[PDB]
Each structure stands twice: as structure tokens, then as C-alpha cells.
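Quick look at input-v5.cif (mmCIF, N, CA and C atoms):
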```cif
data_upload
#
loop_
_atom_site.label_atom_id
_atom_site.label_comp_id
_atom_site.auth_asym_id
_atom_site.auth_seq_id
_atom_site.Cartn_x
_atom_site.Cartn_y
_atom_site.Cartn_z
N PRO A 64 57.77 4.97 17.36
CA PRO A 64 57.03 3.71 17.16
C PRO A 64 56.24 3.71 15.86
N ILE A 65 56.47 2.72 15.00
CA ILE A 65 55.77 2.63 13.72
C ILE A 65 54.45 1.90 13.93
N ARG A 66 53.35 2.57 13.60
CA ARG A 66 52.00 2.10 13.91
C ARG A 66 51.12 2.30 12.70
N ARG A 67 50.18 1.38 12.48
CA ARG A 67 49.28 1.40 11.32
C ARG A 67 47.89 0.99 11.80
N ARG A 68 46.86 1.73 11.48
CA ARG A 68 45.51 1.44 11.89
C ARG A 68 44.80 0.69 10.78
N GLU A 69 44.18 -0.42 11.13
CA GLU A 69 43.33 -1.17 10.22
C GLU A 69 41.88 -0.79 10.55
N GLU A 70 41.01 -0.80 9.54
CA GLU A 70 39.59 -0.57 9.79
C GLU A 70 38.76 -1.53 8.95
N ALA A 71 37.53 -1.73 9.42
CA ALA A 71 36.56 -2.62 8.82
C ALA A 71 35.17 -2.12 9.20
N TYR A 72 34.23 -2.16 8.25
CA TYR A 72 32.87 -1.72 8.50
C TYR A 72 31.94 -2.91 8.66
N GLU A 73 31.07 -2.84 9.66
CA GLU A 73 29.97 -3.77 9.87
C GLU A 73 28.70 -3.13 9.33
N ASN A 74 28.10 -3.74 8.30
CA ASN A 74 26.97 -3.17 7.54
C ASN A 74 25.68 -3.94 7.84
N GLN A 75 24.60 -3.23 8.08
CA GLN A 75 23.30 -3.83 8.38
C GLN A 75 22.19 -3.11 7.61
N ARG A 76 21.09 -3.84 7.39
CA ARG A 76 19.89 -3.36 6.71
C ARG A 76 18.68 -3.70 7.56
N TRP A 77 17.70 -2.81 7.55
CA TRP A 77 16.47 -3.03 8.30
C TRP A 77 15.54 -3.98 7.55
N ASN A 78 14.90 -4.86 8.33
CA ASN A 78 14.05 -5.96 7.90
C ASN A 78 12.87 -5.97 8.86
N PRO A 79 11.63 -6.11 8.37
CA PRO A 79 10.49 -6.04 9.30
C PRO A 79 10.61 -7.02 10.44
N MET A 80 11.27 -8.16 10.20
CA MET A 80 11.41 -9.20 11.20
C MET A 80 12.63 -9.00 12.10
N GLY A 81 13.78 -8.74 11.52
CA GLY A 81 14.99 -8.63 12.28
C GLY A 81 15.38 -7.25 12.74
N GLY A 82 14.62 -6.21 12.42
CA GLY A 82 15.20 -4.90 12.66
C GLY A 82 16.44 -4.71 11.80
N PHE A 83 17.36 -3.87 12.27
CA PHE A 83 18.66 -3.76 11.62
C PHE A 83 19.42 -5.06 11.88
N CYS A 84 19.86 -5.72 10.82
CA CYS A 84 20.37 -7.07 11.02
C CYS A 84 21.22 -7.45 9.83
N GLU A 85 21.62 -8.71 9.80
CA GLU A 85 22.66 -9.18 8.89
C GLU A 85 22.06 -9.66 7.58
N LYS A 86 20.73 -9.66 7.45
CA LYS A 86 20.13 -10.02 6.16
C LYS A 86 20.23 -8.83 5.23
N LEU A 87 20.96 -9.01 4.14
CA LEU A 87 21.14 -7.94 3.18
C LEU A 87 20.60 -8.35 1.81
N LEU A 88 20.43 -7.35 0.95
CA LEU A 88 19.98 -7.59 -0.40
C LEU A 88 21.09 -8.21 -1.23
N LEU A 89 20.70 -8.99 -2.24
CA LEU A 89 21.71 -9.58 -3.11
C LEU A 89 22.53 -8.50 -3.81
N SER A 90 21.96 -7.32 -4.02
CA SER A 90 22.69 -6.20 -4.60
C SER A 90 23.58 -5.44 -3.61
N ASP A 91 23.49 -5.70 -2.30
CA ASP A 91 24.24 -4.96 -1.29
C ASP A 91 25.70 -5.40 -1.23
N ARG A 92 26.52 -4.52 -0.65
CA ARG A 92 27.90 -4.81 -0.30
C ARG A 92 27.98 -5.93 0.74
N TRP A 93 29.20 -6.39 1.00
CA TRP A 93 29.46 -7.39 2.03
C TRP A 93 28.98 -6.90 3.39
N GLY A 94 28.53 -7.84 4.23
CA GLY A 94 28.22 -7.51 5.61
C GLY A 94 29.43 -7.01 6.39
N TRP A 95 30.63 -7.45 6.00
CA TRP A 95 31.89 -6.92 6.55
C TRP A 95 32.75 -6.42 5.39
N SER A 96 33.01 -5.10 5.35
CA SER A 96 33.62 -4.49 4.17
C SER A 96 34.53 -3.33 4.56
N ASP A 97 35.18 -2.76 3.55
CA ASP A 97 35.82 -1.46 3.65
C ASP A 97 34.76 -0.37 3.56
N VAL A 98 35.22 0.88 3.54
CA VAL A 98 34.27 2.00 3.51
C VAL A 98 33.52 2.04 2.18
N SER A 99 34.14 1.57 1.09
CA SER A 99 33.47 1.57 -0.20
C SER A 99 32.45 0.44 -0.36
N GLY A 100 32.55 -0.62 0.45
CA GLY A 100 31.74 -1.82 0.29
C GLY A 100 32.30 -2.86 -0.66
N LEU A 101 33.29 -2.49 -1.47
CA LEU A 101 33.79 -3.36 -2.54
C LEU A 101 34.73 -4.46 -2.02
N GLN A 102 35.40 -4.22 -0.90
CA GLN A 102 36.39 -5.15 -0.35
C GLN A 102 35.80 -5.92 0.83
N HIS A 103 36.02 -7.24 0.86
CA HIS A 103 35.51 -8.05 1.96
C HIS A 103 36.48 -7.96 3.13
N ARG A 104 35.96 -7.63 4.32
CA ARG A 104 36.82 -7.38 5.48
C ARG A 104 36.30 -8.04 6.75
N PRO A 105 36.13 -9.35 6.73
CA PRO A 105 35.86 -10.07 7.98
C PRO A 105 37.01 -9.86 8.95
N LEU A 106 36.67 -9.52 10.21
CA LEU A 106 37.67 -9.08 11.18
C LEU A 106 38.74 -10.14 11.41
N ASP A 107 38.32 -11.39 11.62
CA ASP A 107 39.24 -12.48 11.94
C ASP A 107 40.19 -12.84 10.80
N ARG A 108 40.02 -12.25 9.62
CA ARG A 108 40.87 -12.59 8.49
C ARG A 108 41.76 -11.44 8.04
N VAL A 109 41.70 -10.28 8.70
CA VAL A 109 42.69 -9.24 8.46
C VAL A 109 44.00 -9.68 9.11
N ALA A 110 44.99 -10.01 8.30
CA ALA A 110 46.23 -10.57 8.83
C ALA A 110 47.26 -9.48 9.09
N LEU A 111 48.19 -9.79 9.99
CA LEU A 111 49.39 -8.99 10.12
C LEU A 111 50.25 -9.18 8.87
N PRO A 112 50.92 -8.12 8.38
CA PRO A 112 51.76 -8.29 7.18
C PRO A 112 52.86 -9.32 7.34
N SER A 113 53.39 -9.47 8.55
CA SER A 113 54.53 -10.33 8.82
C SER A 113 54.62 -10.56 10.32
N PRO A 114 55.46 -11.51 10.76
CA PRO A 114 55.68 -11.71 12.20
C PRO A 114 56.38 -10.56 12.91
N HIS A 115 56.83 -9.53 12.18
CA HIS A 115 57.41 -8.36 12.83
C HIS A 115 56.35 -7.38 13.33
N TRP A 116 55.09 -7.65 13.04
CA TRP A 116 53.99 -6.83 13.53
C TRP A 116 53.27 -7.57 14.65
N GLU A 117 52.67 -6.80 15.55
CA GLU A 117 51.76 -7.35 16.55
C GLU A 117 50.59 -6.37 16.71
N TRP A 118 49.46 -6.90 17.15
CA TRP A 118 48.30 -6.07 17.42
C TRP A 118 48.43 -5.40 18.77
N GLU A 119 47.97 -4.14 18.86
CA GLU A 119 47.98 -3.43 20.14
C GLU A 119 46.79 -3.77 21.02
N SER A 120 45.73 -4.33 20.47
CA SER A 120 44.54 -4.69 21.24
C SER A 120 43.69 -5.56 20.33
N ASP A 121 42.54 -5.98 20.84
CA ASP A 121 41.54 -6.53 19.93
C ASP A 121 40.84 -5.41 19.17
N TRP A 122 40.10 -5.79 18.12
CA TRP A 122 39.23 -4.85 17.42
C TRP A 122 38.31 -4.10 18.38
N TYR A 123 38.04 -2.83 18.09
CA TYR A 123 37.05 -2.09 18.87
C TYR A 123 36.35 -1.07 17.98
N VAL A 124 35.14 -0.67 18.36
CA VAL A 124 34.39 0.29 17.54
C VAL A 124 34.95 1.70 17.72
N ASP A 125 35.18 2.38 16.59
CA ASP A 125 35.49 3.81 16.57
C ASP A 125 34.18 4.58 16.70
N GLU A 126 33.89 5.08 17.90
CA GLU A 126 32.63 5.78 18.15
C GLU A 126 32.74 7.24 17.75
N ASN A 127 33.19 7.47 16.54
CA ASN A 127 33.36 8.81 16.03
C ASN A 127 32.93 8.84 14.58
N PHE A 128 32.39 9.98 14.19
CA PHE A 128 31.90 10.17 12.84
C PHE A 128 31.85 11.66 12.56
N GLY A 129 32.54 12.08 11.51
CA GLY A 129 32.56 13.47 11.11
C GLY A 129 33.17 14.40 12.13
N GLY A 130 34.21 13.96 12.82
CA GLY A 130 34.87 14.86 13.74
C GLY A 130 34.14 15.07 15.03
N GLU A 131 33.16 14.22 15.34
CA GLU A 131 32.44 14.26 16.60
C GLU A 131 32.08 12.86 17.05
N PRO A 132 31.90 12.64 18.35
CA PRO A 132 31.45 11.34 18.83
C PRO A 132 30.18 10.89 18.12
N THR A 133 30.01 9.57 18.02
CA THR A 133 28.74 8.98 17.64
C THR A 133 27.86 8.80 18.88
N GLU A 134 26.68 8.25 18.69
CA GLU A 134 25.96 7.68 19.82
C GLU A 134 26.67 6.39 20.26
N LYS A 135 26.32 5.91 21.45
CA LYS A 135 26.84 4.62 21.90
C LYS A 135 26.52 3.55 20.87
N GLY A 136 27.51 2.68 20.61
CA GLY A 136 27.42 1.65 19.60
C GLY A 136 28.15 1.99 18.32
N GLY A 137 28.32 3.29 18.04
CA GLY A 137 29.10 3.71 16.89
C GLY A 137 28.38 3.66 15.57
N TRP A 138 27.06 3.41 15.56
CA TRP A 138 26.31 3.30 14.30
C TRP A 138 26.07 4.66 13.65
N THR A 139 26.05 4.66 12.32
CA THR A 139 25.57 5.77 11.54
C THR A 139 24.57 5.23 10.52
N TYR A 140 23.59 6.07 10.17
CA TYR A 140 22.37 5.67 9.50
C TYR A 140 22.23 6.36 8.15
N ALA A 141 21.61 5.65 7.22
CA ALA A 141 21.44 6.20 5.89
C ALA A 141 20.25 5.54 5.21
N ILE A 142 19.79 6.18 4.14
CA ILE A 142 18.70 5.64 3.32
C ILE A 142 19.15 4.39 2.57
N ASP A 143 20.40 4.36 2.11
CA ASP A 143 21.00 3.23 1.40
C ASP A 143 22.50 3.35 1.59
N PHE A 144 23.23 2.25 1.37
CA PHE A 144 24.64 2.25 1.75
C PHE A 144 25.46 3.34 1.05
N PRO A 145 25.18 3.72 -0.19
CA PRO A 145 25.96 4.78 -0.84
C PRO A 145 25.57 6.19 -0.45
N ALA A 146 24.56 6.38 0.40
CA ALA A 146 24.00 7.69 0.63
C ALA A 146 24.72 8.37 1.80
N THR A 147 24.08 9.37 2.41
CA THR A 147 24.72 10.20 3.42
C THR A 147 24.37 9.69 4.81
N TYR A 148 25.37 9.62 5.67
CA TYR A 148 25.22 9.00 6.99
C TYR A 148 25.09 10.06 8.08
N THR A 149 24.29 9.73 9.11
CA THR A 149 24.16 10.53 10.31
C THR A 149 24.28 9.65 11.57
N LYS A 150 24.67 10.27 12.68
CA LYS A 150 24.75 9.50 13.92
C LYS A 150 23.37 9.10 14.42
N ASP A 151 22.31 9.76 13.94
CA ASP A 151 20.96 9.48 14.40
C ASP A 151 20.16 8.79 13.29
N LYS A 152 19.32 7.85 13.69
CA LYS A 152 18.40 7.15 12.79
C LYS A 152 17.34 8.14 12.32
N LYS A 153 17.26 8.37 11.02
CA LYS A 153 16.22 9.24 10.46
C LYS A 153 14.98 8.40 10.15
N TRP A 154 13.87 9.05 9.85
CA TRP A 154 12.62 8.34 9.60
C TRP A 154 12.71 7.41 8.38
N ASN A 155 13.60 7.73 7.44
CA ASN A 155 13.75 6.99 6.20
C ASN A 155 15.06 6.21 6.12
N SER A 156 15.74 6.00 7.26
CA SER A 156 16.97 5.21 7.26
C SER A 156 16.65 3.72 7.10
N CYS A 157 17.23 3.07 6.09
CA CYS A 157 17.05 1.63 5.88
C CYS A 157 18.30 0.82 6.11
N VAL A 158 19.45 1.47 6.33
CA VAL A 158 20.71 0.80 6.57
C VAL A 158 21.43 1.52 7.69
N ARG A 159 22.49 0.87 8.18
CA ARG A 159 23.39 1.45 9.16
C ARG A 159 24.70 0.69 9.07
N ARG A 160 25.78 1.34 9.53
CA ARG A 160 27.09 0.72 9.59
C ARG A 160 27.89 1.33 10.73
N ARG A 161 28.91 0.61 11.17
CA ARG A 161 29.84 1.15 12.16
C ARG A 161 31.24 0.70 11.82
N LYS A 162 32.22 1.47 12.29
CA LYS A 162 33.60 1.26 11.86
C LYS A 162 34.34 0.61 13.00
N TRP A 163 34.87 -0.58 12.76
CA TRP A 163 35.78 -1.24 13.70
C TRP A 163 37.23 -0.90 13.36
N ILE A 164 38.06 -0.68 14.40
CA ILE A 164 39.46 -0.35 14.20
C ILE A 164 40.37 -1.21 15.09
N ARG A 165 41.63 -1.29 14.65
CA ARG A 165 42.67 -2.03 15.34
C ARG A 165 44.02 -1.50 14.90
N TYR A 166 44.90 -1.21 15.86
CA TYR A 166 46.27 -0.80 15.55
C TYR A 166 47.24 -1.98 15.61
N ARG A 167 48.20 -1.98 14.68
CA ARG A 167 49.34 -2.88 14.71
C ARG A 167 50.62 -2.05 14.79
N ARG A 168 51.60 -2.60 15.49
CA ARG A 168 52.86 -1.95 15.78
C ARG A 168 54.00 -2.82 15.29
N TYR A 169 55.02 -2.18 14.71
CA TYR A 169 56.22 -2.85 14.22
C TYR A 169 57.24 -3.04 15.33
N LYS A 170 57.93 -4.17 15.31
CA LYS A 170 58.97 -4.46 16.30
C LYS A 170 60.29 -4.70 15.60
#
```
Any chance you could put this one into C-alpha cells?
Amino acid sequence: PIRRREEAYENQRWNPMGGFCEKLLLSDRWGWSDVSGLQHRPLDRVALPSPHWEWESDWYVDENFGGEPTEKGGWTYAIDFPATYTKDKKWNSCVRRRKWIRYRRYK
């Protein structure tokens, strides 16, 4: 079976009012992006390459990070989006992201 995994990151920043939320800085990456932040990856717009592909399920969070489970929710935390991520919120974490995945299969 020929199978290909798509992924997309949901990116959030902490705000005194919203907590971790969808309000980002004008300098920040897209709220929905690839791992680099440079590519826009809204989930509903990742298309199948052709009608010969179908999705195996809906999008779901990959609750894994660095070869080990994440905490529930799949979030990882960092001081800023380009910095180093951990499964746990540190005292100086100002951002967080989680990885959504979806498999497509060829017919």
C-alpha cells in the first residue's frame, strides 16, 4: 500500500488576556504552518494530489515529540518559535505549537 503522511503545525503565543492563543506578532510565522513557519498550512486546504488518493482519516494530533509521547494535547513549548521545544511549559515559554497529521493512500 502506497501511503504518504501530511503534517501541519498549529502555532500559538501567550497573551496576558488570551493565554496561549491565536493572536500572534506581525513578525511571527503563520498560525497554521509547516515546521519551518515559512509555508502556510491551513488544514482544510491541504489537497489530495489527484482523485487517485483518499484520506485514511481526518486530521489528528501527533502526540509525540523527540521519540517520546507528549503531554495530552500534543503541545510543545518554547521561548520563541525558532527556539528549542519541550513537552512541558517552562517559566519563560512564550509560544507553543502542536503537529497535526493525516495519511493519504493511493488507489
task = Identify, on the basis of only C-alpha atoms, every residue whose closest approach to residue 118 (chain A) does not exceed 12 Å; exclude the query and any residue fewer than 3 positions from it along the same chain; express the result as a ChimeraX atom specification.
result = /A:66-69,109-115,121-122,164-170
Once you add 8 Å to each side, what are the centre and edge lengths of the axis-aligned box holding all listed atoms of region 73-91 of chain A? One decimal in Å, as JSON, if you can.
```
{"center_x": 20.8, "center_y": -6.4, "center_z": 4.1, "size_x": 36.6, "size_y": 23.2, "size_z": 33.3}
```
key: Selection: 7 Å around region 127-139 of chain A, all atoms listed in the file, excl. self and same-chain fewer than 2 positions, as a list in words   =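 What passes the distance filter is residues 124, 125, 141, 148, 149, 150, 151, 152, 158, 159, 160, 161 and 162 of chain A.
The residue that comes closest to residue 107 (chain A), out of A:86, A:71, A:142, A:155 and on the basis of only C-alpha atoms, is A:71.
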task = Evaluate the PyMOL selection byres (((chain A and resi 102-105 and name CA) around 10) and name CA) on the structure here and hand back the selected residues as a list in words.
result =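 So the PyMOL selection byres (((chain A and resi 102-105 and name CA) around 10) and name CA), applied here, picks out residues 70, 71, 72, 73, 92, 93, 94, 95, 96, 97, 98, 99, 100, 101, 106, 107, 108 and 109 of chain A.
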ask   = Suppose you want the space between atom N of residue 154 (chain A) and atom C of residue 88 (chain A); what is it in Å?
value =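 Going from atom N of residue 154 (chain A) over to atom C of residue 88 (chain A), I get 21.7 Å.
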request  = Looking only at strand (DSSP E) from DSSP on the backbone, list the matching residues of region 97-162 of chain A as a count of residues only.
outcome  = 17
